[PDB]
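Chemist: Okay, here's the structure, questions in a sec.
Heads up, the Cβs are rebuilt from the backbone with ideal geometry, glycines too, and the neighbour counts pull from every protein chain shown. Derivation of every value follows stated rules applied to the coordinates shown; laboratory data play no part.
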Amino acid sequence: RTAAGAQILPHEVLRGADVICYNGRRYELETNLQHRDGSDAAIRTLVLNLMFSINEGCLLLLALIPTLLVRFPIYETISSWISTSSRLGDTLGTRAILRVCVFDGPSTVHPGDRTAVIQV
Amino acid sequence: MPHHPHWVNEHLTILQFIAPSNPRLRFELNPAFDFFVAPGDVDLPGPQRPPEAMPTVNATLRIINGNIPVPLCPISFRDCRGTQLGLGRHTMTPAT
Amino acid sequence: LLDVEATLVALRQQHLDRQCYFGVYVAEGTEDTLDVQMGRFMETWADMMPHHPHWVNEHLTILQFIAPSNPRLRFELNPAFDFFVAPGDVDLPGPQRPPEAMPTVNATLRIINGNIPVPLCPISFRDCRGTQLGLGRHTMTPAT
Amino acid sequence: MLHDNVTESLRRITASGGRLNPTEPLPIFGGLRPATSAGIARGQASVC
Amino acid sequence: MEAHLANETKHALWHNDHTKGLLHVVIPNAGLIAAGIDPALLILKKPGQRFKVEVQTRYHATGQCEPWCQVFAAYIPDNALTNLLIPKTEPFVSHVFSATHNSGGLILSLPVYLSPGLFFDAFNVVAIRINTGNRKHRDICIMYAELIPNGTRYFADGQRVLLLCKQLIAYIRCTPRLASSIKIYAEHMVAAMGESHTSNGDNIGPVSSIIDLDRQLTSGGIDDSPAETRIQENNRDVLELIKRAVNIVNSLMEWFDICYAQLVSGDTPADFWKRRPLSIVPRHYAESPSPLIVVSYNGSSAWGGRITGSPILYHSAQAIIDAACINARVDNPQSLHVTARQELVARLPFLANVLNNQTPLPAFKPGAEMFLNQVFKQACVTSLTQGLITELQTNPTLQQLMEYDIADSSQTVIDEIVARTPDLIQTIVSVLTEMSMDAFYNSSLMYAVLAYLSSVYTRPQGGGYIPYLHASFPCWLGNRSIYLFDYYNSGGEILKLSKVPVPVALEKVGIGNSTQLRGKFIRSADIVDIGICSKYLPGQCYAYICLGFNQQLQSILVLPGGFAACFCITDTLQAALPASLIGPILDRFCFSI
Amino acid sequence: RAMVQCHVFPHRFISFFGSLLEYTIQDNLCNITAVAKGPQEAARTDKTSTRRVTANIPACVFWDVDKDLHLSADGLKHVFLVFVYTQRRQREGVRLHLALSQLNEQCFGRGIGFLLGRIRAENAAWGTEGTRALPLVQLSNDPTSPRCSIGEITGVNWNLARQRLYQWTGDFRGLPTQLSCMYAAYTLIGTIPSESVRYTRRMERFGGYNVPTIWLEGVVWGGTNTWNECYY
Amino acid sequence: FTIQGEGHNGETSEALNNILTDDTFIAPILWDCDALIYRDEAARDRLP
Amino acid sequence: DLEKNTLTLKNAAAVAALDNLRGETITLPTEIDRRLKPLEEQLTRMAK
């Protein structure tokens, strides 16, 4: 969406074929396009940082030594990239704690029934 | 021609008329004033280039027995009426 | 249109017999005059038929073909291809002089529609449905 | 075979009714789970 | 259009070897009606055949050949033009646009030569290999003149897009949905295309806009050549100066793209190139009424593309030849002066190999394989019949010698066939001038004979003779495992009966003295379309005649009646046919790694 | 073979499941319950042949590791499930091994790579399916720096001044490397209540045929199917 | 008797329910020379 | 008998070139007329 907005020439392909099912079912998701929300003001900075990190990581390979190719210390950017990667290493950790132990199935014919759970 | 012809077929009697037809049967509600659809901003007579306005459901007068469908009225009733009316007047079939 | 392979294999392995290959060979002719054609016809009529065909007693068949055993008709396949066995193997056009080749089984598409009496409604049913569909269409006087 | 459009048109013609549409399309890779019936207050019959 | 686009990455990654330039060529399927085959088995039906198409070159008295090209394609029925021109809208397919009964299409790869020394002539025939029946394959053969006609259609493509855009605008405007912003911006865009063209003329003007090919494939061949551009600019300058003299003396789709992406929500490869002018290079013929439309990319500096300046014209290779020919008023360059020959050699390096008279060949006939193979087959059959008749004349003993499984009540007619051997050989000799020659011109016998000669003369420079795929698999190391038997009737008339030969196993019992023959069978679990002629017993109104051949061109007679002759014709072929007749055969049927 | 050759990994959807342990029979019906980690052998269900429960594993459960782990295994061992992947020329296969080592989880990938070093190079060479450097940066960093990424762009249209720039003398589209180097995986499935487990090779007679089996003790199941792979 | 007015993009009723539309089973009496033209214009996609 | 095959192949390969050249010159008179059309306009301007 940001590329289409800032490109003044969007690509006609935006969805393709992305349908999520479950044992032959229908999800009916992403059925709105004109709807706008204020939650997108915080993800633009995140995606910009992610793409900057990707660019610097893929550019440092060709700046150090081309092994696969047959007043400026140039260290502050590398140090900042390493620090941001180390900071995001703990942020990306979202390991689950609770465990689900479903007896038979409550949603086999109708979701929203008696469901079992454990604390392992 | 935007699509296939709507109801040009004339081989429907009871089920061949009530099973596949739905847009042509929804407009038949009461035998007093039929209704029909037409695009909006259309004059009678209209201009050369058809307009592109929002269609509006119009109405058609029933001053004559023309809008009555054929399939729901069998020819047996008409034949019975003709035979009943042909028994009190002169009948000269062969010469005519 | 897909299960005919099994029937073809079955008829190939059945090792059936065939007769009257000259009739089904259909000799072709290019740039041939009528005199040559009639001479060839006379020559074939002289001695071309090995044995008398069995497909000629169709006068009294309605009862005489159903009352006794019908081994030839009981091998009838699905009603989508012809059922006839005769030595063919001809090109387009085929050979001119028909030789004595090995018997083969050939089938065509569903062009034949004359098999109404036996495998479908009988002649009486055909007449009844015809007279039901058509009552009278400009009947003529007996004198005319 | 090369009959997809013809058979789709035939099925549309034969299923273009005007009474009730519980189930009809049944697309590919579809489940079409049965709907929820009533409770335990019903009768008894049979089908054929 | 998807497989070719996926395979284009191999050509895109190429940097060196500019002598093979891949381009998009569309071949109409109008000629498939005369093929006589099933179109269902040509796209996707019963996988396993692995149909492939190969492209090879054919030189003339120079030697060597192109090492083929691994390419493939697929057809598309049911109005391929509709789905290749109109963008794909399968989820919301409706009655969009209007067109007549269209046809299919195919994409074939044809390498081209690009270099500073371009040059152009018509002396090379492109051979196309099709994995179908060899009997009436219905192939085509064209020279290099039709491949490069030096022309393009750049002006006729402008009006084609206008009709489509007008139709799509009318379709969008006919449905009263969305909001008035789309309508008002479309009206503003329409009005922006002209002041008096819309306010005083018409906005859309459907009039008689019918999708048809009338003025698109008729005119526009040579219209953007540099000479034509110079003439046009001179005419425009003349008009401008005339207008100036008369005056002196009297007496922008960004919103459209966004809306299209929002509405259609789907992209096809045939939409990105619509924004730029295209190129059409038709090459029709009288064999079939179907132009050979050629589409070239506009964003790349390929053949026919116009993105940076003057494209490839294939010039500076005809004026010199014409001047040399007209200098002495002689069309043939062989009878020209020494100075003309030297100039032709200097200007054309590739023409120096013809003046030296190397690799002699009668005239210049690229299509010599057909009658060459016909002559080879005739010579081999005459040698075989001479050998069999000589062995029959010099055949010792009489009647049957070994046992032979013959019924007691059926042996009364077995000797009749043996006693008619002179009649049989006379009929075989006489049938050479009566039977059709189109039935044994593409059989397995000629292929086996050609594969047998591959052992001798393994290229002038060497080669291991290791094919990749789709080659002579039955004939790899020896022909003693797979046999070819032809069944013929007896009497005074012999005609072809079977269609495809079936191998028959054979073994010898006795290990000396009077040898015995007893055929066997091998159980196969890969095919069920096997005839019962081979399994037929020797009895039951006699049998056929079999003459097997090994890899050493040794023929063993399997005629029933206790007669067996062994003759070799491997040295007769070399004596009658010298080694100078295998020139084109070695040039074409050769490969190395 | 069809589902493997298409470069599709089905392990991304497999979740942890319990082990069934129950003996019952009915009329064309069988409902077998499952257990988890806990005092299964101490609950004294009294439903087996003996007073306790039976815990056995097939022959293909352990692989030789002493050649690289000659040091004594002083500690609690762990059971790991290994499912490697192969990538060759139109040929592929599966290998559902069962590793059992006392090494750390983070070193399991390194050990697998070291053990399969003779085939890792071949896999990397066969996985490459689907050029001028810039050594003047060290000299142009401080001096002669044409830093005009804003002044020369926001001011001029830049539609005609883009002439020389850089070209890289190449053309590439797509460098798939993440889906080519993935050949090692391990998951913590199954533990042991006690260490120093000794295995004995014996024979068993059950059912309609006698098959070789290995009897073990002090082995339980459970855990989680946490996929944490380390490709090399 | 048959339904007229609906069909595919080519023929509507003639080639579908004419039976003897092909000029091969006709009597061997002719008076014109356009029989071949009619055949190749009718059976265009039927191996002409 | 190879001369007949050779001449048939030559005719088949040359028919495409011949009729392509014939069709290329169809629009040549129209091109000449449209190129000489500005000359008529110049003559009319000179007369005026």
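Chemist: Yes or no: segment E:176-185 includes at least one residue that is within 14 Å of chain H (Cβ to nearest Cβ) and surrounded by 11 or more Cβ atoms within 10 Å (Cβ to Cβ). Let's see the steps before the verdict.
Modeler: Going residue by residue through segment E:176-185, those that are within 14 Å of chain H (Cβ to nearest Cβ) are none.
No, that holds for no residue.
Chemist: Could you please let me know if H:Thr8 is surrounded by 10 or more Cβ atoms within 10 Å (Cβ to Cβ), of a type in the set (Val, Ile, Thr) and facing another protein chain (nearest Cβ under 7 Å)?
Modeler: Spelling it out, it is not the case that H:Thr8 is surrounded by 10 or more Cβ atoms within 10 Å (Cβ to Cβ), of a type in the set (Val, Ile, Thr) and facing another protein chain (nearest Cβ under 7 Å).
Chemist: Do we find a residue being over 21 Å from the mean Cα position of the chain (by Cα), closer than 30 Å to F:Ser19 by Cβ and more than 14 Å from chain E (Cβ to nearest Cβ) anywhere in segment A:10-22?
Modeler: yes
Chemist: Of the residues E:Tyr536, E:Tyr465, which single one is of a type in the set (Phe, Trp, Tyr), over 35 Å from the mean Cα position of the chain (by Cα) and assigned to a loop (DSSP other than H, G, I, E, B)?
Modeler: E:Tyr536
Chemist: Look through segment G:1-36, keep the residues that are over 15 Å from the mean Cα position of the chain (by Cα) and over 23 Å from B:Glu10 (Cα atoms), and return whichever of them is nearest to the other protein chains (Cβ to nearest Cβ). Break it down stepwise before answering.
Modeler: The initial filter retains those residues of segment G:1-36 that are over 15 Å from the mean Cα position of the chain (by Cα), namely G:1-9, G:27-33.
This time we only want the ones that are over 23 Å from B:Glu10 (Cα atoms), so: G:27-33.
Details: G:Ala27: 19, G:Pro28: 13, G:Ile29: 17, G:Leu30: 17, G:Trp31: 21, G:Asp32: 23, G:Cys33: 20 Å.
Ranking the qualifying residues of segment G:1-36, first place goes to G:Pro28.
Chemist: Right, here's the next one. May I ask you to list the residues in segment F:94-124 that are within 14 Å of another protein chain (Cβ to nearest Cβ) and under 30 Å from E:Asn7 (Cα atoms)?
Modeler: The answer is F:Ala124, and nothing else.
Chemist: Please find, within segment B:21-53, the residue that is nearest to the other protein chains (Cβ to nearest Cβ) out of those that are more than 25 Å from B:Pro69 (Cβ to Cβ) and exposed (fewer than 10 other Cβ atoms within 10 Å of the Cβ).
Modeler: B:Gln48
Chemist: Just name the residue that is nearest to D:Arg33 (Cα to Cα) out of those in segment A:101-120 that are aliphatic (A, V, I, L, M) and within 9 Å of another protein chain (Cβ to nearest Cβ).
Modeler: A:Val109
Chemist: OK, next. Being β-branched (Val, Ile, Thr), assigned to a loop (DSSP other than H, G, I, E, B) and closer than 30 Å to B:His4 by Cβ is true for just one of G:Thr24, G:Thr12. Which residue is that?
Modeler: G:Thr12
Chemist: Among the residues of segment E:171-224, what is the count of those that are small (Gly, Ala, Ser), closer than 20 Å to E:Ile258 by Cβ and part of a loop (DSSP other than H, G, I, E, B)?
Modeler: Total satisfying the criteria: 2.
Chemist: Determine if segment A:85-100 includes at least one residue that is assigned to a loop (DSSP other than H, G, I, E, B), among the charged types (D, E, K, R) and either more than 13 Å from chain F (Cβ to nearest Cβ) or within 30 Å of F:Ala133 (Cβ to Cβ) (or both).
Modeler: no
Chemist: Out of (1) within 9 Å of another protein chain (Cβ to nearest Cβ); (2) buried (at least 17 other Cβ atoms within 10 Å of the Cβ), what's the single condition that is false for E:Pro291?
Modeler: With (1) within 9 Å of another protein chain (Cβ to nearest Cβ); (2) buried (at least 17 other Cβ atoms within 10 Å of the Cβ) applied to E:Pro291, the lone miss is (1).
Chemist: Next up: Restricting attention to chain D, report how many residues are loosely packed, with under 10 Cβ neighbours inside 10 Å, more than 23 Å from A:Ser107 (Cα to Cα) and more than 20 Å from the chain's Cα centre (by Cα).
Modeler: Residues flagged as loosely packed, with under 10 Cβ neighbours inside 10 Å, more than 23 Å from A:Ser107 (Cα to Cα) and more than 20 Å from the chain's Cα centre (by Cα) within chain D amount to 7.
Each row is one residue, and each column tells you yes or no for (1) assigned to a loop (DSSP other than H, G, I, E, B); (2) among the hydroxyl-bearing types (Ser, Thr, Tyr); (3) closer than 30 Å to F:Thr177 by Cβ.
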position: A:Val13; (1), (2), (3): yes, no, yes
position: A:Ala17; (1), (2), (3): yes, no, yes
position: A:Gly24; (1), (2), (3): yes, no, no
position: A:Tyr27; (1), (2), (3): yes, yes, no
position: A:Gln34; (1), (2), (3): yes, no, no
position: A:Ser39; (1), (2), (3): no, yes, no
position: A:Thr45; (1), (2), (3): no, yes, yes
position: A:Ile54; (1), (2), (3): no, no, yes
position: A:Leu60; (1), (2), (3): no, no, yes
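Chemist: Regarding segment D:26-44, can at least one residue be identified that is hydrophobic (A, V, I, L, M, F, W, C) and touching a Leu at 6+ places or on another chain (Cβ under 9 Å)?
Modeler: The initial filter retains those residues of segment D:26-44 that are hydrophobic (A, V, I, L, M, F, W, C), namely D:26, D:28-29, D:32, D:35, D:38, D:40-41.
Now restrict to residues that are touching a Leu at 6+ places or on another chain (Cβ under 9 Å): D:26, D:32.
For segment D:26-44, residues hydrophobic (A, V, I, L, M, F, W, C) and touching a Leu at 6+ places or on another chain (Cβ under 9 Å): present.
Chemist: Surrounded by 14 or more Cβ atoms within 10 Å (Cβ to Cβ), more than 18 Å from the chain's Cα centre (by Cα), away from every other protein chain (no Cβ under 12 Å) and part of a loop (DSSP other than H, G, I, E, B): which single residue out of E:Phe120, E:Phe92 fits that description?
Modeler: Checking each option against the conditions leaves just E:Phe120.
Chemist: Could you list, in sequence order, the residues of segment E:133-165 that are of a type in the set (A, V, I, L, M) and assigned to a helix (DSSP H, G or I)?
Modeler: Passing the criteria: E:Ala145, E:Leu147, E:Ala156, E:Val161, E:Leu162, E:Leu163, E:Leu164.
Chemist: Please state which of the following conditions F:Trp158 fails to meet, knowing it meets all the rest: (1) of a type outside the set (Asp, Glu); (2) under 33 Å from the mean Cα position of the chain (by Cα); (3) away from every other protein chain (no Cβ under 14 Å).
Modeler: (2)
Chemist: I would also like to ask the following. Among the residues of segment C:104-127, count how many are closer than 24 Å to E:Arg135 by Cβ and part of a loop (DSSP other than H, G, I, E, B).
Modeler: 4
Chemist: Considering only residues that are among the charged types (D, E, K, R), surrounded by 12 or more Cβ atoms within 10 Å (Cβ to Cβ) and more than 13 Å from A:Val13 (Cα to Cα), which ones fall in segment E:247-274?
Modeler: E:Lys274
Chemist: Confirm whether B:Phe77 is farther than 30 Å from E:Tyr171 by Cβ, touching a strand residue (DSSP E or B) at 6+ places or on another chain (Cβ under 8 Å) and more than 14 Å from chain D (Cβ to nearest Cβ).
Modeler: So B:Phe77 does not fit the description; no.
Chemist: Just give me the residues in segment E:1-19 being touching a helix residue (DSSP H, G or I) at 6+ places or on another chain (Cβ under 7 Å) and surrounded by 13 or more Cβ atoms within 10 Å (Cβ to Cβ), in sequence order.
Modeler: E:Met1
Chemist: If I filter segment E:507-518 for residues that are part of a loop (DSSP other than H, G, I, E, B), away from every other protein chain (no Cβ under 11 Å) and surrounded by 15 or more Cβ atoms within 10 Å (Cβ to Cβ), do I get at least one hit?
Modeler: No, segment E:507-518 has no match at all.
Chemist: Suppose the filter is more than 14 Å from chain H (Cβ to nearest Cβ), surrounded by 14 or more Cβ atoms within 10 Å (Cβ to Cβ) and not in a loop (DSSP other than H, G, I, E, B); does E:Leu168 pass it? Lay out the reasoning, then the answer.
Modeler: On the way: more than 14 Å from chain H (Cβ to nearest Cβ): yes; surrounded by 14 or more Cβ atoms within 10 Å (Cβ to Cβ): yes; not in a loop (DSSP other than H, G, I, E, B): yes.
Yes; evaluated as a whole, the condition is true for this residue.
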